[PDB]
Amino acid sequence: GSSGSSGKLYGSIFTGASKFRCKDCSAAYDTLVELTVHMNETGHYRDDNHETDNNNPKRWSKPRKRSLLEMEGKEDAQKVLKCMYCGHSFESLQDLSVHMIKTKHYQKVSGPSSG
Ligand SMILES: [Zn+2]
Ligand SMILES: [Zn+2]
């Protein structure tokens, strides 16, 4: 005699994804430009959440609140050229400019920080 059987192997893995999907029917697509066409052609529409409502009957917890402090800085309403570094009123621009350089005050007008 001589007879027998064998062969036990597997391999039926399924791999497939879809970008967009139709609610009405089960027809999915990859590009929106393709789906839309169907949504109108046939009439169906997307499934993704829909925001066709604004009235929120759901009460919300206490409202929001924040402190609105207030303060001013180095304000000076003058009418004459005056260096903020040293503090010497002038008559003409040059006097001021030629000074900012001759003294290099415009280069050093600040430094560290407090808060
Ligand atoms: Zn459809
Ligand atoms: Zn100066």
# chains A, B, ... in the order shown; residues from 1 in each chain; ligands from 1
>>> residues_near_ligand(ligand="ligand 1", cutoff="6 Å", atoms="only C-alpha atoms and all ligand atoms", output="VMD selection string")
chain A and resid 22 24 to 25 27 44
>>> write_last_selection(atoms="N, CA and C atoms", output="JSON list (two decimals), in the first residue's frame")
[["chain", "number", "residue", "atom", "x", "y", "z"],
["A", 22, "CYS", "N", -17.94, 56.71, 3.19],
["A", 22, "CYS", "CA", -19.29, 57.22, 3.01],
["A", 22, "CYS", "C", -20.23, 56.66, 4.07],
["A", 24, "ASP", "N", -23.89, 56.80, 4.12],
["A", 24, "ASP", "CA", -24.97, 56.06, 3.48],
["A", 24, "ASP", "C", -24.53, 54.65, 3.11],
["A", 25, "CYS", "N", -23.70, 54.55, 2.08],
["A", 25, "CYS", "CA", -23.20, 53.26, 1.62],
["A", 25, "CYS", "C", -21.85, 52.94, 2.26],
["A", 27, "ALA", "N", -18.97, 52.60, 0.73],
["A", 27, "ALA", "CA", -17.96, 52.88, -0.29],
["A", 27, "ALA", "C", -16.93, 53.89, 0.22],
["A", 44, "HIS", "N", -25.36, 60.75, -1.24],
["A", 44, "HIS", "CA", -24.80, 60.41, 0.06],
["A", 44, "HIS", "C", -23.90, 61.54, 0.57]]
>>> residues_around(residues="stretch 28-40 of chain A", least_positions_apart="6", cutoff="9 Å", atoms="only C-alpha atoms", output="MDAnalysis selection string")
chainID A and resid 17:22 46
>>> residues_near_ligand(ligand="ligand 2", cutoff="12 Å", atoms="only C-alpha atoms and all ligand atoms", output="mmCIF file with C-alpha atoms, in the first residue's frame")
data_model
loop_
_atom_site.group_PDB
_atom_site.id
_atom_site.type_symbol
_atom_site.label_atom_id
_atom_site.label_comp_id
_atom_site.auth_asym_id
_atom_site.auth_seq_id
_atom_site.Cartn_x
_atom_site.Cartn_y
_atom_site.Cartn_z
ATOM 1 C CA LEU A 81 15.852 116.966 22.205
ATOM 2 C CA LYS A 82 17.076 115.378 25.438
ATOM 3 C CA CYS A 83 19.265 112.319 26.011
ATOM 4 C CA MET A 84 17.643 109.660 28.195
ATOM 5 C CA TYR A 85 21.079 108.378 29.207
ATOM 6 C CA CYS A 86 22.497 111.535 30.786
ATOM 7 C CA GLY A 87 19.689 114.056 30.424
ATOM 8 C CA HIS A 88 20.753 117.237 28.644
ATOM 9 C CA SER A 89 18.302 119.242 26.537
ATOM 10 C CA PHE A 90 19.563 120.463 23.162
ATOM 11 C CA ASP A 95 24.082 118.386 19.077
ATOM 12 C CA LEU A 96 22.061 115.339 20.129
ATOM 13 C CA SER A 97 23.361 112.921 17.497
ATOM 14 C CA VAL A 98 26.999 114.023 17.651
ATOM 15 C CA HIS A 99 26.565 113.452 21.386
ATOM 16 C CA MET A 100 25.067 109.957 21.256
ATOM 17 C CA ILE A 101 28.269 108.949 19.468
ATOM 18 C CA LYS A 102 30.856 111.130 21.203
ATOM 19 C CA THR A 103 29.455 109.642 24.412
ATOM 20 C CA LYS A 104 28.111 106.370 23.010
ATOM 21 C CA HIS A 105 24.991 106.682 25.163
ATOM 22 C CA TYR A 106 22.690 105.147 22.553
ATOM 23 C CA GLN A 107 24.833 102.012 22.743
ATOM 24 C CA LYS A 108 24.316 101.597 26.488
ATOM 25 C CA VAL A 109 20.786 102.565 27.526
#
>>> closest_residue(among="A:62, A:80, A:113, A:69", to="residue A:93", atoms="only C-alpha atoms")
A:80
>>> select_by_dssp(residues="chain A", states="strand (DSSP E or B)", output="PyMOL selection string")
chain A and resi 20-22+28-29+46+82+89
>>> select_by_dssp(residues="chain A", states="alpha helix (DSSP H)", output="VMD selection string")
chain A and resid 32 to 41 93 to 102
>>> atom_distance(atom1="atom CA of residue A:48", atom2="atom CA of residue A:23")
8.5 Å
